[PDB]
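Everything below concerns the one structure shown next.
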Amino acid sequence: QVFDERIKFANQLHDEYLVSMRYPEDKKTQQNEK
Amino acid sequence: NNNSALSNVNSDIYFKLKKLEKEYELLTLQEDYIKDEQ
Amino acid sequence: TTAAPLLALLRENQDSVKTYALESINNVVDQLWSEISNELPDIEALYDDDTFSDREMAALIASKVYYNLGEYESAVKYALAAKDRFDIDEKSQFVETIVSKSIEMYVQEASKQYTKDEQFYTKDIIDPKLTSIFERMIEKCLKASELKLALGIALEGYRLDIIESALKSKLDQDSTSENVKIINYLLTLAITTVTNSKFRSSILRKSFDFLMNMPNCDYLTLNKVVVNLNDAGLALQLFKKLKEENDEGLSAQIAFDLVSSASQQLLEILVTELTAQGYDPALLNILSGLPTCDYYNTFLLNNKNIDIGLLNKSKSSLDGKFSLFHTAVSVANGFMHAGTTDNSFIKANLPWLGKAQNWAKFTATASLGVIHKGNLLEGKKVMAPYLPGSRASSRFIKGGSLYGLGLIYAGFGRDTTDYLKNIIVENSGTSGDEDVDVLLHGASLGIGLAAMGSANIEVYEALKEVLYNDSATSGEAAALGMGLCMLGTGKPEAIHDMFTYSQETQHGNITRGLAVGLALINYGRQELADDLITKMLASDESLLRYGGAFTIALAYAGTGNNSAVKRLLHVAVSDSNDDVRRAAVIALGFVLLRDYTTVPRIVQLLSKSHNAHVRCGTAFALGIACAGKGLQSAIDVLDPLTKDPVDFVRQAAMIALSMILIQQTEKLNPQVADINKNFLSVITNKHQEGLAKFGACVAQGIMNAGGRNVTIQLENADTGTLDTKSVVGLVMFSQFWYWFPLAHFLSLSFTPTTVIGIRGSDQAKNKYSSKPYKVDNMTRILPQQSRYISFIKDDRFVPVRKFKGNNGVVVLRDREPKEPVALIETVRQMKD
Amino acid sequence: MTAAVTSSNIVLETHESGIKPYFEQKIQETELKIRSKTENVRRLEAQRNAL
Amino acid sequence: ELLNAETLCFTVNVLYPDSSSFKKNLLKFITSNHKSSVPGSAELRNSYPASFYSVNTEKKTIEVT
Numbered sequence: 459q460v461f462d463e464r465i466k467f468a469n470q471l472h473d474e475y476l477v478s479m480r481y482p483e484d485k486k487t488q489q490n491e492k
Numbered sequence: 035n036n037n038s039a040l041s042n043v044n045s046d047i048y049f050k051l052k053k054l055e056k057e058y059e060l061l062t063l064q065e066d067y068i069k070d071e072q
Numbered sequence: 004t005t006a007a008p009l010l011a012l013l014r015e016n017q018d019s020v021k022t023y024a025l026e027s028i029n030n031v032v033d034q035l036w037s038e039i040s041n042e043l044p045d046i047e048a049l050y051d052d053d054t055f056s057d058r059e060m061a062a063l064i065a066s067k068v069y070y071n072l073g074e075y076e077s078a079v080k081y082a083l084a085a086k087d088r089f090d091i092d093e094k095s096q097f098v099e100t101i102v103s104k105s106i107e108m109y110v111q112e113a114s115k116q117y118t119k120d121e122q123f124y125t126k127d128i129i130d131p132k133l134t135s136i137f138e139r140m141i142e143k144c145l146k147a148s149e150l151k152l153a154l155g156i157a158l159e160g161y162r163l164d165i166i167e168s169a170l171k172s173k174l175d176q177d178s179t180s181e182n183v184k185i186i187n188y189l190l191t192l193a194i195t196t197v198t199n200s201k202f203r204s205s206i207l208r209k210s211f212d213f214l215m216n217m218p219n220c221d222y223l224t225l226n227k228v229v230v231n232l233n234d235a236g237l238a239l240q241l242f243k244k245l246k247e248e249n250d251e252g253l254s255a256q257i258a259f260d261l262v263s264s265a266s267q268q269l270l271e272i273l274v275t276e277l278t279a280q281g282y283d284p285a286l287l288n289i290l291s292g293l294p295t296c297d298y299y300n301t302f303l304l305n306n307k308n309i310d311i312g313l314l315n316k317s318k319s320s321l322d323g324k325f326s327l328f329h330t331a332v333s334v335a336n337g338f339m340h341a342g343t344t345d346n347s348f349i350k351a352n353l354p355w356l357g358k359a360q361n362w363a364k365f366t367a368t369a370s371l372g373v374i375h376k377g378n379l380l381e382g383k384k385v386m387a388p389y390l391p392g393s394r395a396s397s398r399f400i401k402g403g404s405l406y407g408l409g410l411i412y413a414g415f416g417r418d419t420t421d422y423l424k425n426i427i428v429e430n431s432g433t434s435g436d437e438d439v440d441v442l443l444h445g446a447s448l449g450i451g452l453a454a455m456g457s458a459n460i461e462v463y464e465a466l467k468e469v470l471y472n473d474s475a476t477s478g479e480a481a482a483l484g485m486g487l488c489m490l491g492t493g494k495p496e497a498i499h500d501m502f503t504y505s506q507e508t509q510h511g512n513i514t515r516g517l518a519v520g521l522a523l524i525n526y527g528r529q530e531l532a533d534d535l536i537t538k539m540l541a542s543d544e545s546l547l548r549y550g551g552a553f554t555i556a557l558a559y560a561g562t563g564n565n566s567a568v569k570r571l572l573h574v575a576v577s578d579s580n581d582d583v584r585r586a587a588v589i590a591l592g593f594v595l596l597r598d599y600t601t602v603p604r605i606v607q608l609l610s611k612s613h614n615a616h617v618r619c620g621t622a623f624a625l626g627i628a629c630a631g632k633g634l635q636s637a638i639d640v641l642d643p644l645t646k647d648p649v650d651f652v653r654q655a656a657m658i659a660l661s662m663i664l665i666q667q668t669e670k671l672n673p674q675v676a677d678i679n680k681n682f683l684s685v686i687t688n689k690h691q692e693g694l695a696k697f698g699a700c701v702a703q704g705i706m707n708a709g710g711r712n713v714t715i716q717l718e719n720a721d722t723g724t725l726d727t728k729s730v731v732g733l734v735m736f737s738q739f740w741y742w743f744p745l746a747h748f749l750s751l752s753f754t755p756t757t758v759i760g761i762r763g764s765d766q767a858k859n860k861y862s863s864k865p866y867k868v869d870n871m872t873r874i875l876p877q878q879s880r881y882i883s884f885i886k887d888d889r890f891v892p893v894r895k896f897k898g899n900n901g902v903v904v905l906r907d908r909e910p911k912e913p914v915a916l917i918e919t920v921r922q923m924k925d
Numbered sequence: 001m002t003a004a005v006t007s008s009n010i011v012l013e014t015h016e017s018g019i020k021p022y023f024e025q026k027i028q029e030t031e032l033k034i035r036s037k038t039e040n041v042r043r044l045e046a047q048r049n050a051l
Numbered sequence: 067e068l069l070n071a072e073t074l075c076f077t078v079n080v081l082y083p084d085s086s087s088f089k090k091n092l093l094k095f096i097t098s099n100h101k102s103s104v105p106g107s108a109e110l111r112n113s114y115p116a117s118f119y120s121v122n123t124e125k126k127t128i129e130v131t
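As they're listed, the protein sequences go chains A, B, C, D and E. Heads up: the first sequence at position 1 corresponds to 459 in the deposited numbering, and the numbers run straight through without jumps. Heads up: the second sequence at position 12 corresponds to 46 in the deposited numbering, and the numbers run straight through without jumps. So the third sequence is residues 4 to 767, 858 to 925, counted in the deposited numbering. Heads up: the fourth sequence at position 5 corresponds to 5 in the deposited numbering, and the numbers run straight through without jumps. Heads up: the fifth sequence at position 56 corresponds to 122 in the deposited numbering, and the numbers run straight through without jumps.
So this is what it looks like as C-alpha cells:
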C-alpha cells in the first residue's frame, strides 16, 4: 500500500507535465516567425 | 437603427455558427485518430 | 442576512408558519442558497402536500436553489412544478438560464420522437408543458423582429408546421427579392445541418412551393430544389408555371441553366413528359443538350491558343521508341488538342509516331477521340478511316478507334451504343485470338462511355459475357464499362454477380477491374451500400480491399459525413499492404469535394509518414479535393512531395499541383510560374527515370489544356451542387499506373469556362479598378474574372436576370429586335 | 455616426434583444469546449511527428 | 505625483455621456477642480481617431462608452 501511494504521486506528475508541455508550444508555432 | 434590416443578418451569424462548430468536430474526429495513428 | 431563522421556520410546527417560511426563502436566495441546499427535502415535502396552495411556492424555491447550486437540469422540473410565478422569471434576463435549458432539453427529445412519427407535438408523445414553452420561446423571436430567429430554433426541434407558417407570413409580397432571400438561407442550411433524410426533404419541398406562389422570384432557388431531390415531378410543375409565363428568352434561360445542373436521369424523364404535355420544339432541343455541345466547339475554335514549344521540347526528350515516353506525350497532346481537330502534330512528327508499338500505338489511336471530342455531326465520319473494315495494318489501330469513338460521343452516345454492342456480341464468343482480343478491349471501354448513365440492360448483358469469357485483357474493360453504364443503380443482381465473380476468376487484371467496378455501380448509395463496403474491407485479398475504399468514396461522395471519412482514415494506417494504404488516401478527396478547406490538414499527418505509397496517395487526394481555384494550404503540402527522393511520389505530385492551379495566370500569382518551370526542368533533363518524366510531361499538358481554355469544375457555380460527371472522370484517372490508357478519362473533368450571351429571340491578387477594360463575348473568362464583369448600364444586350457572376449561358434581351448585327457562327451551321 | 448622447437602437431593441444571448447560450458554452480541443489535437500531433 | 487633478482631465479627453459629471463630484469632495479641465485646455482630440474622432462623436448614436 505504501509503495502504491508513492506510485500515484509519480503518476500525477506524469499527467501534469504531458498536458502543459505542448500547450505553449502550439500557440507559439501558430504565431508567425521567420 | 440608421441602417435597417438589422434583424435578418443577425440570425445569419447564428446560422453560420451552427455549421462551423461541426467543422471543429471534424477536429475531434482527428483527435481520436492521432491517438490511433501514434 | 442569516439563514438560521429561515431553516427553523420550516421545522416550526404550524401550517401558517411553514407558509411564511417559503415567503422569506423565495425573496432572498442569492445569499442563502448554500444553507437551504442541505434542507431541500423539507421544501419538497410541503410541495407534495395538498393542504397548501403555496405548494407551488415551495416548488418555485427548489428551482431557485438548484440554479445557484449548478444543477440546471433539475431546476427545470421544479420550475414547471410551480407552474405560475415562472412568467416572472421568463421576462428576467438574469435568470433566463432555466428558461433556455428547457429548450436545450426539447431538441434532444425531438430527434428521438421524429422516428416514431413526424408529428409528436400535435400528439401526446412528450410533455404538454414543454411543447407550450417551445412556442412561447419562438414568440420571443418575433418581438425582436423577423421570423428568421425562430426558424433556426424550430429546425432543431423538428417542428415542420412552425416553419411553414413563418414563411407564409412573408408571402404577401413585402419585397420579392427579400422574400426569396429569406427562403434562400434556409435552403443552404438544410443541406449542411440536418442529414436526416425525411426532415431534409420536407424543408426543400415546402420552400419550393412558397417560391412558386410568388409571381416573381429567383429561379435559381427553384432550380436547386429540383436537382437536389432529383424529382421529375417538381421539374414538370416548374414548367406548368412557365406555360402561363411563356416567351422565348425566359423559358430558354431556365432550360440552359437546368441541363448543366441536373443529372442525366432527370433530363431523360423530363423531356418525354413535356412531349406528352405539348411544348415548343425549341425548348425540347435545348433539353436534349445538342445546342450546348456545338457552342463549346465554337468557343475553342475562336480562342485556340496552343504554345508550340511544349510539344517540341517534349518530343525531342521523350523518345518515341520507348513505350513510356511515347504515351506520356500522347496523353498531353490529346488534352492539348481536345475539342478542336488538330492533326498537324500527327502530320509533322509522323516518324516519331511511327516508333510507337504495342499498347502505345493503341493510345495514339485513342488520342483521336479526345481531339475530335464534341463535333458530333462529324464525330463518326472522322474515325471512319480507322474503324474496322478500313484498317488491317495493326490490330491496335482497329481497337483504339472504337475506344475513341466512345469518347467523342460520351454523354450523348445512345446511337453509338448500338454500334459497339454489335461488335461486342460478335466477339464475346472468342477472345483467345490476338486480333479479337485487342479489338474487343476498346469496344468495351467505348460502350461504357457511350452508355454512361443510361443503365442499359442490353449493355449489361453484352459485357457480362465478356466477363464470363475470361478474356486476357478485355475482362478489365468489361468490368469498368459495366459500372460506367450502370452508374449508381445498385441493382442487387449485378452486385451479387460481380462480387462472386472476382473470386471465380484468377486473372489479375479482372480481379482489379471488378473491385473498382463495384464502387461505380454503387455510386451514391450511402447507407444502402454499407453492407458491401463491410464485406470488401474484411476481405484479406489485396484486390477487394483496394476497391473497398472507393465504394465508401463513391457511395458518400460529396457528403459531409464523419463516418465516411472516418472509415478511410482507418484503412490507411491500420493496413499493412502498401497498395491498400494508398487507395484509402486517394478516396478522401471524393467524399470531401463538397468541403475541401479542411482536407490539407487531414493529410498533413499522412505526408509526414515516409512510405512511398502513403505519400503517393496523399498527392492525389490533394489534387482531387482542391482542384479548380487553388488553396494555399494545398499548395504547401505538395511541395516537399515534388522534391521527394522517390519517383512515385514525384510523379503524383506534379500532376496534383496542376489541378489546384488549373489555368491560373502567372501574372495573377507568382507561384504558378515556379511550378510551371519545375515541370520543364524534368522534361529537359535526361538523367531522371522515365517515371518522373512521364509525370512532368503530363502535368504540363494538364495546365495548358484545351488550348488554355478549360478548367476543372467539381461543383457547378450554376446552382452550387455537385456534378455527377466530374466524379467519374477523376476516379478512373487514378488507375493510370496499372493501365496507361485510363489516363484519358480525365477529360471528363475538363470543362470550358466562358460566358456565352445568346440573343433569346432566335437563339443566335485582388485586381480591381473603377476603370473598366472591355472584353468580347464568348472569350475565355476565368471565375476570378466573372465577378468583375458587369453588363453596361446602357447596353444593346441586357440579361433578363441581373448577371449571376459566373460562367455559362446568359440569355439577353435585344433592345431593338429588327436590327441586323454581327452574329457568331455555330458549327452546326458551318457543316450543312 | 458615434456618440453617447443618443442611445443606440433608438431604445427599442435592448430588452427585445437580451432574449437572444439565450438562443445562443448553447453554442457559446460549446465554443469554450472547442478551445481545448484545438490545443489537444496538435498536442498529440507533435508526439507522433517526433515518433 | 504631479498634482491630483489628472483624473478629471483624463475624462474630458475621452468620450463622456455622464462620465465627466460623475468624476466632477469625486474631485469636488476633495476641494473642487475645474481649471484647465474644460474642452480647449483639457481637449487633446480635435480630429484625432485613437480618442474617437470629434466629427464622429457629434454625429449620431452608437456608443463607445
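Quick reminder that beta carbons are idealized off the backbone N, C-alpha and C, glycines included.
> Listing by chain order, which chain D residues have their CB less than 8 angstroms from the CB of C:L152?
Replying inline: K20 and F23
>> Does C:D120 pass the burial test, meaning 16 or more other C-beta atoms within 10 Å, or should it be called exposed?
In response: exposed
> Which value, in whole angstroms, describes the spacing of the CA atoms of C:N688 and C:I374?
Replying inline: 28 angstroms
>> Distance cutoff 8 angstroms, beta carbons only. Does D:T6 sit that close to anything in chain B?
In response: no
> Going straight from the alpha carbon of D:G18 to that of A:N490, what length do you get?
Replying inline: 39 angstroms
> What is the rounded straight-line gap between the Cα of C:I272 and the Cα of C:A235?
Replying inline: 7 angstroms
> According to the neighbour-count rule (16 or more other Cβ atoms, all chains shown, within 10 Å of its Cβ), is C:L725 buried or exposed?
Replying inline: buried
> Closest Cβ-Cβ distance between B:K56 and chain D: below 8 angstroms?
Replying inline: no
> DSSP on C:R880, reduced to helix/strand/coil?
Replying inline: coil
> Would you say the segment 52 to 70 of chain B touches the segment 91 to 103 of chain E, given that touching needs at least three Cβ pairs under 8 angstroms?
Replying inline: no
> Would a C-beta distance cut-off of 8 angstroms place C:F753 and C:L745 closer than the cut-off?
Replying inline: no
> What in chain B is Cβ-close to D:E45, meaning under 8 angstroms?
Replying inline: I68
>> Quick check: what's the CA-CA separation for C:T366 versus C:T330?
In response: 7 angstroms
>> Let me make sure I understand the geometry here. Which of E:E124, E:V121, E:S120 and E:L74 has the alpha-carbon closest to that of E:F95?
In response: E:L74
> What number of angstroms, rounded off, separates the C-alpha of E:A116 from the C-alpha of D:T2?
Replying inline: 14 angstroms
>> Using C-beta distances below 6 angstroms, list every residue in its chain close to C:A624, excluding the 5 sequence neighbours before and after it, in chain order.
In response: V588, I589, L591, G592 and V606
>> With a threshold of 8 angstroms between beta carbons, is A:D484 in contact with chain D?
In response: yes
> In angstroms, rounded to a whole number, what distance separates the CA positions of D:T38 and C:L608?
Replying inline: 15 angstroms
> Can you list the residues of chain B that C:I141 reaches, using a CB-CB cut of under 9 angstroms?
Replying inline: Residues of chain B passing the Cβ test: none, with the nearest at roughly 13 angstroms.
> DSSP beta-bridge partners for C:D907?
Replying inline: C:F890
>> Between E:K90 and chain D, is any beta-carbon pair separated by less than 8 angstroms?
In response: no
> Beta-carbon of C:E149 versus every beta-carbon of chain B: anything under 8 angstroms?
Replying inline: yes
> Taking just the CA atoms, how far does C:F97 sit from C:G527?
Replying inline: 50 angstroms
>> I need the DSSP call for C:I715, collapsed to helix, strand or coil.
In response: strand
> Roughly how many angstroms separate the alpha carbons of C:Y75 and C:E107, rounded to a whole number?
Replying inline: 11 angstroms
> Per the contact definition of three or more C-beta pairs closer than 8 angstroms, is the segment 140 to 158 of chain C in contact with the segment 18 to 36 of chain D?
Replying inline: yes
>> On a Cα-Cα basis, can you pick out the residue from C:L875, C:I289, C:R908 and C:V893 that is closest to C:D887?
In response: C:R908
> If you measure beta-carbon to beta-carbon, which residues of the segment 588 to 606 of chain C are closer than 7 angstroms to chain B?
Replying inline: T601 and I605
>> Looking at the ligand SAH, does it come within less than 7 angstroms of B:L51, judged from the CB to the closest heavy atom?
In response: The ligand SAH is absent from the structure shown, which contains no ligand whatsoever.
> Is the segment 636 to 645 of chain C touching the segment 613 to 627 of chain C in the sense that three or more CB pairs, one from each, lie closer than 8 angstroms?
Replying inline: yes
> If contact means a Cβ-Cβ distance below 9 angstroms, which residues of the segment 554 to 569 of chain C contact chain B?
Replying inline: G563, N565, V568 and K569
> Which of the three DSSP states, helix, strand or coil, is assigned to C:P744?
Replying inline: helix
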